[PDB]
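Asker: Submitted below is the structure of interest, expressed as structure tokens.
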Ligand SMILES: *[C@@H]1O[C@H](CO)[C@@H](O)[C@H](O)[C@H]1NC(C)=O
Ligand SMILES: *[C@@H]1O[C@H](CO)[C@@H](O)[C@H](O)[C@H]1NC(C)=O
Ligand SMILES: *[C@@H]1O[C@H](CO)[C@@H](O)[C@H](O)[C@H]1NC(C)=O
Ligand SMILES: *[C@@H]1O[C@H](CO)[C@@H](O)[C@H](O)[C@H]1NC(C)=O
Ligand SMILES: *[C@@H]1O[C@H](CO)[C@@H](O)[C@H](O)[C@H]1NC(C)=O
Ligand SMILES: *[C@@H]1O[C@H](CO)[C@@H](O)[C@H](O)[C@H]1NC(C)=O
Ligand SMILES: *[C@@H]1O[C@H](CO)[C@@H](O)[C@H](O)[C@H]1NC(C)=O
């Protein structure tokens with residue numbers, strides 16, 4: 001059906017880097033669709049990280065994430081990758097990818113579809 | 001739905017008035033199809049013309065039906081002939 | 001550069017009653033770039049209304065949007081016991097996006 | 001110089017039936033003493049054209065255009081002078097510039113940033129002159145330049161006794177600009193309705209420029225306010241029709257008929273003759289066109305595993 | 001320098017003599033297939049008007065220039081009519097267009113409200129809104145920029161190099177010709193069974209004088225059988241009259 005899938009929770013070590021993916025068979029990346037990434041810590045307010053455009057390839061990052069995160073989208077494999085570096089204990093949280101059901105020129109102003117999230121923890 | 005169309009005319013010099021026959025159709029089929037971009041002939045104004053008389057070859061529009069008898073002038077079909085009279 | 005505050009902080013009302021919540025910002029006025037969300041423990045957040053004028057897929061008519069100024073409001077006609085969750089207000093128009101703090105409703 | 005004069009006044013229009021006008025030469029070949037049946041975009045016979053009248057008036061919109069429409073003006077004062085075609089008037093999309101002031105005929109397709117209303121009308125109270133020549137601003141990359149002979153102009157302007165009657169049908173096929181024109185100075189009457197008669201339309205500018213027409217204006221000829229004379233112009237729309245055309249022994253069109261007007265004309269063009277004798281004639285069939293489209297393919301929407309086959313280790 | 005994909009130039013070629021020998025003599029000319037004619041018979045016919053279109057596209061989309069092709073460059077950038085007459089030439093130009101530091105002066109549509117009919121004109125670069133909500137101003141959510149720039153570097157493999165393309169289109173023998181081939185005229189002969197070649201027309205007959213009046217935009221006469229029987233001499237503009245032996 002129309003629902004996104006994602007990998008499982010992962011455990012890493014300090015001084016390492018990870019790659020997080022939201023390749024979903026329940027959604028078509030097409031060329032107008034875009035997805036944002038959100039992070040949820042333990043009992044904390046949600047924070048916006050970034051969203052990217054499949055078609056033009058333009059990105060949009062947080063004012064504080066221009067040093068340890070990179071976001072890229074591959075239309076051929078219909079996936080979105082983030083390379084995350086410098087993972088401390090404050091970066092251990094659940095990641096979620098959201099993208100509206102936007103095929104061709106028809107789509108709304110809200111991100112209806114929602115991934116279940118991956119719990120990244122680093123000791 | 002598809003069919004044929006015939007035109008009943010006297011001589012061109014004699015007059016410029018005509019009658020049109022729709023071959024082998026119940027006469028209530030054609031009034032339904034009177035809409036823009038729905039009939040190959042575009043002159044659908046004629047279908048809402050003069051009184052319609054139904055015959056075995058289809059109903060002809062634009063000619064009335066007297067009940068006396070004359071000699072056949074323009075043979076319509078199945079015992080009906082049309083003519084140009086006063 | 002936008003900070004959202006959601007009010008009231010906490011609620012405790014009988015199920016089936018009518019409730020209304022609001023969220024506040026300090027930046028420019030926009031009504032069509034605001035979205036409301038509910039997140040449940042152990043589950044991803046779900047969208048309720050986007051732009052304060054349209055509903056999402058499968059959203060019942062219980063959630064009603066309102067407000068014409070910088071304020072944003074949502075109203076629930078009846079509190080069926082599964083709706084106890086936290087609401088989040090999100091904007092799009094301005095500099096990089098930021099969510100609210102969340103409003104938790106209790107039984 | 002140009003002026004944002006604004007202060008536009010508009011009046012309700014009138015309706016008039018164009019009897020037989022709007023017939024032009026379809027191809028560049030000489031035939032004589034034949035009957036030729038051609039399917040093309042024509043103005044239907046006895047169509048309803050929108051009549052417009054000018055005293056205290058100011059109109060210059062785009063003509064609703066599908067590579068061709070019909071425009072007929074009855075005048076004596078020679079108000080309409082040139083042509084300016086443009087989709088954005090922003091010096092980015094190359095715009096036309098067709099100018100014939102007294103004798104020159106200059107065609108230039110060049111990126112132009114024009115004014116709001118390019119008007120040659122307003123200048124020096126009653127008197128008329130070729131003012132506001134530089135309606136454009138910049139001419140960076142101009143493609144085509146060409147000089148030829150002008151139309152039959154009228155010196156200065158005359159109010160009343162509008163002898164002249166100009167018919168223009170606008171289009172351009174395969175890049176060949178074709179503003180078909182016919183200028184007859186025969187109006188012995190009041191303007192009133194369009195006259196009755198027959199006259200073909202030679203392609204006056206059949207020239208390889210190249211670009212098409214979709215949104216344009218026709219140039220009408222101190223810098224604010226005017227009190228002009230009476231004039232009348234008529235606008236009509238073309239449709240795809242099949243016409244039967246008759247050529248006399250001299251090689252010019254004399255009469256024509258359209259198949260899709262009446263059953264009489266239908267059988268006239270079925271028999272390939274202008275007269276039909278008494279009888280019963282069979283003609284085109286009777287069909288019902290489909291009204292919409294429906295597509296039903298199976299529900300499943302997965303991905304066929306193609307890369308595994310094509311890119312296995 | 002050739003123009004972008006979305007601003008293909010259209011050059012005038014008329015009132016001159018065209019020699020296609022040098023055109024077909026260039027070594028790297030590879031994608032050279034002609035539809036209405038055969039490439040070796042371009043030197044013996046007269047064309048009423050010739051046009052040339054220049055643009056540079058990626059290698060993976062050169063196949064989209066054939067008539068009737070569907071895709072993403074043949075719907076928003078440049079489309080050929082189904083009745084195309086003429087032909088296209090394509091050749092690799094990785095030597096010039098690509099740059100060491102990166103050349104980013106080639107653009108092309110990414111989004112459009114609808115496709116475009118053959119050759120229909122436009123440039124406008126206004127923003128395009130994905131959502132039902134009207135967007136204005138600048139870029140943001142559900143309203144983007146319809147342009148992307150090609151990245152042409154030598155590091156790219158086959159299938160991404162710039163490919164200069166030129167398209168030639170022309171009608172055939174229905175108007176006073178202006179572009180001709182290299183041929184030598186001769187002296188006209190009256191009232192004798194000869195083998196005439198009048199600007200492309202090959203036939204046999206005897207040529208006489210005619211009184212029928214040809215309008216300035218006409219060159220051929222026709223009859224009920226629809227065969228030519230009256231032609232106007234190019235050099236000297238009297239009207240002849242063709243009749244068989
Ligand atoms: C016109 O048609 C009538 C038909 O009766 C015929 O008698 C007459 O001679 C015709 N006149 C012509 C062809 O001039
Ligand atoms: C036309 O259809 C009606 C309705 O069924 C029927 O009563 C009538 O007999 C039909 N007429 C002919 C001429 O078939
Ligand atoms: C014949 O028609 C006339 C009117 O047209 C009518 O008065 C008369 O009654 C009809 N005759 C019969 C036998 O129906
Ligand atoms: C009219 O005003 C507009 C807006 O200032 C301007 O873009 C335009 O060029 C003006 N036109 C003329 C003819 O002054
Ligand atoms: C068409 O023109 C006639 C002639 O004046 C007029 O009576 C009629 O109302 C017009 N119809 C339309 C639809 O304009
Ligand atoms: C057209 O150009 C010629 C050449 O200079 C000139 O004689 C004539 O006056 C011009 N027509 C005008 C200015 O109306
Ligand atoms: C004609 O117009 C010019 C420029 O607008 C002006 O200088 C001149 O005074 C005017 N003359 C008359 C008689 O209106």
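Every residue number used here counts from 1 along the chain in the order it is shown.
Note: Cβ is positioned from N, Cα and C throughout, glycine not excepted.
According to Swiss-Prot, the record shows the following:
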type     : residues    : note
DISULFID : D:2-D:115   : disulfide bond
CARBOHYD : D:4         : N-linked glycosylation site
CARBOHYD : D:48        : N-linked glycosylation site
CARBOHYD : D:101       : N-linked glycosylation site
DISULFID : D:110-D:142 : disulfide bond
CARBOHYD : D:125       : N-linked glycosylation site
CARBOHYD : D:141       : N-linked glycosylation site
REGION   : D:149-161   : region 'Disordered'
CARBOHYD : D:212       : N-linked glycosylation site
REGION   : D:248-269   : region 'Putative superantigen'
CARBOHYD : D:250       : N-linked glycosylation site
DISULFID : D:259-D:269 : disulfide bond
REGION   : D:287-303   : region 'Disordered'
CARBOHYD : D:291       : O-linked glycosylation site
CARBOHYD : D:293       : O-linked glycosylation site
CARBOHYD : D:299       : N-linked glycosylation site
CARBOHYD : D:311       : N-linked glycosylation site
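Not my notes, these are from the PDB entry:
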type   : residues  : note
SEQADV : D:190-192 : insertion
Asker: Expressed to the nearest Å, what is the distance separating residue D:48 (N-linked glycosylation site) and residue D:311 (N-linked glycosylation site) at their Cα atoms?
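Answerer: The separation of the Cα atoms works out to 66 Å.
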Asker: How many Å separate the Cα atoms of residue D:250 (N-linked glycosylation site) and residue D:299 (N-linked glycosylation site)?
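Answerer: The Cα atom of residue D:250 (N-linked glycosylation site) is 67 Å away from the Cα atom of residue D:299 (N-linked glycosylation site).
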Asker: Within the region 'Putative superantigen' (D:248-269), how many residues are helix, strand or coil going by DSSP?
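Answerer: Its residues divide into 7 helix, 6 strand, 9 coil.
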Asker: Among the glycosylation sites (D:101, D:125, D:212, D:250, D:293), which are close to chain E, meaning C-beta separation under 8 angstroms?
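Answerer: Out of D:101, D:125, D:212, D:250, D:293, D:212, D:250 lie under 8 Å of chain E.
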Asker: Taking ligand 4 as the reference, state which of the recorded positions D:2, D:4, D:115, D:142 have a Cβ closer than 6 Å to one of its atoms.
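Answerer: Among the recorded positions listed, those whose Cβ sits under 6 Å from ligand 4 are D:2, D:4, D:115.
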Asker: Please work out the helix, strand and coil residue numbers for the region 'Disordered' (D:287-303) from the DSSP assignment.
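Answerer: Counts, helix then strand then coil: 0 helix, 1 strand, 16 coil.
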Asker: Spatially speaking, which of the recorded positions D:115, D:125, D:269 is closest to residue D:142 (disulfide bond)? Use C-alpha to C-alpha, please.
Answerer: D:115
Asker: Using C-alpha atoms only, work out the spacing between residue D:269 (disulfide bond) and residue D:291 (O-linked glycosylation site) and round it to an integer in Å.
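Answerer: Distance between the two Cα atoms comes out at 29 Å.
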Asker: Can you name the residues of this chain that are 6 or more positions from residue D:101 (N-linked glycosylation site) yet have a C-beta less than 8 Å from its C-beta?
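Answerer: Within the chain, residue D:101 (N-linked glycosylation site) has Cβ neighbours under 8 Å at D:81, D:130, D:133.
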Asker: Please list the recorded positions from D:101, D:115, D:212, D:291 whose Cβ falls under 6 Å of any atom in ligand 6.
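Answerer: Passing the 6 Å Cβ check against ligand 6: D:101.
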Asker: Restricting to the chain of residue D:299 (N-linked glycosylation site) and a gap of 6 or more, list residues whose Cβ falls under 8 Å of its Cβ, or answer none.
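Answerer: When sequence neighbours closer than 6 are ignored, residue D:299 (N-linked glycosylation site) has nothing within Cβ distance under 8 Å.
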Asker: Count the Cβ atoms, other than its own, that fall within 10 Å of the Cβ of residue D:293 (O-linked glycosylation site), considering every protein chain shown.
Answerer: 5
Asker: Return the residues near residue D:259 (disulfide bond), defined as same-chain residues 6+ apart in sequence whose C-beta is under 8 angstroms from its C-beta, sorted by sequence, else 'none'.
Answerer: D:241, D:242, D:243, D:244, D:265, D:266, D:269, D:270
Asker: For residue D:212 (N-linked glycosylation site) and residue D:4 (N-linked glycosylation site), determine the Cα separation and express it in whole Å.
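Answerer: Residue D:212 (N-linked glycosylation site) and residue D:4 (N-linked glycosylation site) have their Cα atoms 29 Å apart.
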